[PDB]
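Engineer: Chains as they are written, first to last, in the authors' numbering: chain f, 1 to 106; chain r, 13 to 74; chain k, 11 to 129; chain u, 2 to 63. Here it is, the structure in full.
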RNA sequence: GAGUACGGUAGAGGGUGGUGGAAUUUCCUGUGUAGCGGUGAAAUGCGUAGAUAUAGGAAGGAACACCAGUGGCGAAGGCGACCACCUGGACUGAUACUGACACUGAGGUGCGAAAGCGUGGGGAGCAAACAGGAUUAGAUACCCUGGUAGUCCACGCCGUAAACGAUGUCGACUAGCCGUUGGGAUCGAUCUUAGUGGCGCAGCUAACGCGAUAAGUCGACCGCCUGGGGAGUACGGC
Ligand SMILES: [Mg+2]
Ligand SMILES: [Mg+2]
Ligand SMILES: [Mg+2]
Ligand SMILES: [Mg+2]
Ligand SMILES: [Mg+2]
Ligand SMILES: [Mg+2]
Ligand SMILES: [Mg+2]
Ligand SMILES: [Mg+2]
Ligand SMILES: [Mg+2]
Ligand SMILES: [Mg+2]
Ligand SMILES: [Mg+2]
Ligand SMILES: [Mg+2]
Ligand SMILES: [Mg+2]
Ligand SMILES: [Mg+2]
Ligand SMILES: [Mg+2]
Ligand SMILES: [Mg+2]
Ligand SMILES: [Mg+2]
Ligand SMILES: [Mg+2]
Ligand SMILES: [Mg+2]
Ligand SMILES: [Mg+2]
Ligand SMILES: [Mg+2]
Ligand SMILES: [Mg+2]
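As structure tokens, this is what we get:
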């Protein structure tokens, strides 16, 4: 497969099914044969500008292994959902597993 | 960025990135911070990439 | 006949190379009083001076004193003269200025501007 | 290009600080840049002339 | 000499999709009232049928501020928002491999800015033609107010530019100094490699100037010139 890194933020009013959406997304690539290397939930932050007239969002960061089929279906899931709001897919050449910032502030 | 940490500047580390943006929100020229050209290009792409995800503002006003 | 009261307003100065426009509104963007340089009796090359902007700002402030308006924030926008004479006239009216901001619109790539003049 | 009046300073410090911030942000330069269309040939010529003057001045310092 | 196999880097190299933010213009609505716009000065033009200004919402198109740099990539033309996919070349280190497999190139073939042409979409800004207002002896112009083809996209043609370094490609030698781009070594310094700039000894040049990125000293091959006009025109061919 290929390594991929995904940043995915969610509408604040839907920030209760986000976990379930996460394992639902993980499943499909698991039965496809993909892998999960890092999962991180550092959401409920303040936006730097208004996006679709909201000011908060729920951020999730996932590093995955997937093929073209799995990435395409996940990306369509991002396309036609209504809590997706915004998205970024940023393929890397390796695999990373140990945190980005979590909550550095005490 | 070559001494000990940050082999490649990351868009997620906002603490490093905010040190290279002015109060208006623009990218500071490399002739001021003394940053090397290659690392300056990495900062530029990291700042734009974080700007897309709304971690950093395009402009101070909005 | 009808009157109203309001405090903590916002004053917009719109400068240009030809004329300046002053508009006091409330915080919701509803105009109360306005004045210009062409309406103060200059009408020409004298219309494009900081003195005309000063006069316009004082006239607009005296017009807006009816509602009270003991507090004003300031929004300047434009490259023309009078970018600062209006701001110094507004406090001379008797106001108290919370802050000053510059809201000049800058395109990032935008549309293309007109041709260069061959004078 | 945005200041606040804080702790009863006179309205001469605030105005000059606002002017300094505006000069630092390069507002008027940006407005004068986009008044008319500068064809890319003229822009390249301006850049070349600026580079020539910059290098000559830098060399002359020693 | 020329090529191949193996790690690794840098990049506005190319193509196909998708998505951002700033700003302009139009439309709808609220506040509000007499000016706005433009100029060397004006006027045409826009406004009391409620403009300009200010606030909220929507549509649509095009160009990607800051980074940005005598910076980078490309055979040249040229290539600046971000992400994914397909894809070409260059640079860099060690070991192994083939064994002259090379250079140039009349015809020929292909790529080639902008304007332009054909069919079909699109229409914000700008703007040949065009109309009005000024200026003027006149003003088919410069300046102002508007504005159509065009500028954008898909496919096809056109094959020209001060398409310039006004400098054909390839290879070998010849004092040095100061920058900068992508890598290696040795102990911030020294060495070295492929690009990109400023000076300068010899040498060259009519002079200006070039000067390891030669216009120096030499080889291989190709293109071109023979006073200014008539003329890169007439006729014929493609
Ligand atoms: Mg004009
Ligand atoms: Mg309006
Ligand atoms: Mg609006
Ligand atoms: Mg040929
Ligand atoms: Mg064209
Ligand atoms: Mg055409
Ligand atoms: Mg025609
Ligand atoms: Mg046509
Ligand atoms: Mg058509
Ligand atoms: Mg027009
Ligand atoms: Mg056409
Ligand atoms: Mg020719
Ligand atoms: Mg020639
Ligand atoms: Mg040559
Ligand atoms: Mg050569
Ligand atoms: Mg040569
Ligand atoms: Mg040579
Ligand atoms: Mg020299
Ligand atoms: Mg000669
Ligand atoms: Mg002759
Ligand atoms: Mg002919
Ligand atoms: Mg003929």
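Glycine is no exception: its CB is placed at the ideal position from the N, C-alpha and C atoms.
In chain k, which residues lie with their C-beta within 7 Å of the C-beta of residue 6/u?
Structural biologist: 107, 108, 109
Engineer: Compare the Cα-Cα distances from residue 68/f to each of 82/f, 55/f, 84/f, 89/f and report the closest residue.
Structural biologist: Among 82/f, 55/f, 84/f, 89/f, the Cα nearest to that of residue 68/f belongs to 89/f.
Engineer: Anyone know if the C-beta pair for residue 21/k and residue 12/k falls short of 8 Å?
Structural biologist: no
Engineer: Report all residues from its chain with a CB closer than 6 Å to the CB of residue 75/r; omit the five preceding and five following residues, and keep chain order.
Structural biologist: Within the shown structure, residues of chain r are numbered from 13 to 74, placing residue 75/r beyond reach of any answer.
Engineer: Could you pull out every residue in the same chain whose Cβ sits closer than 7 Å to the Cβ of residue 15/f, ignoring the five residues on either side in sequence?
Structural biologist: 43, 44, 58
Engineer: Can you tell me which of the three DSSP states residue 129/f falls into?
Structural biologist: Here chain f has residues from 1 to 106 only, and residue 129/f is not among them.
Engineer: Listing by chain order, which chain f residues have their CB less than 7 Å from the CB of residue 24/r?
Structural biologist: The answer, in chain order, is 100, 101.
Engineer: Can we say the region 65-76 of chain k touches the region 100-109 of chain k, given the rule of at least three CB pairs closer than 8 Å?
Structural biologist: yes
Engineer: Who are the neighbours of residue 36/r on chain u, taking C-beta pairs under 8 Å?
Structural biologist: 2, 26
Engineer: Considering only residues of the same chain and omitting the five flanking positions on each side of residue 62/f, which have a CB-CB separation below 6 Å?
Structural biologist: 6, 39
Engineer: Kindly identify the DSSP beta-bridge partner or partners of residue 107/k.
Structural biologist: 82/k
Engineer: Measure the Cβ-Cβ separation of residue 88/k and residue 63/k and say whether it is below 8 Å.
Structural biologist: In this structure, residue 63/k does not lie closer than 8 Å to residue 88/k by Cβ.
Engineer: Whether or not the region 64-74 of chain r and the region 23-42 of chain r are in contact is what I'm after, with contact meaning three or more pairs of Cβ atoms, one per stretch, closer than 8 Å; do they touch?
Structural biologist: At 8 Å Cβ cutoff, the stretches touch.
Engineer: With 8 Å set as the bound, which would you pick, yes or no: does the beta-carbon of residue 49/u sit closer than that to a beta-carbon of chain k?
Structural biologist: no
Engineer: So which residues of chain f does residue 58/r contact, with C-beta pairs closer than 8 Å?
Structural biologist: Going along chain f, no residue has its Cβ under 8 Å from residue 58/r, so there is no contact; the nearest lies around 11 Å.
Engineer: Per the contact definition of three or more C-beta pairs closer than 8 Å, is the region 17-31 of chain f in contact with the region 46-54 of chain f?
Structural biologist: no
Engineer: Quick check on the DSSP output: the beta strand (DSSP E) that includes residue 43/k runs from which residue to which?
Structural biologist: 41-46
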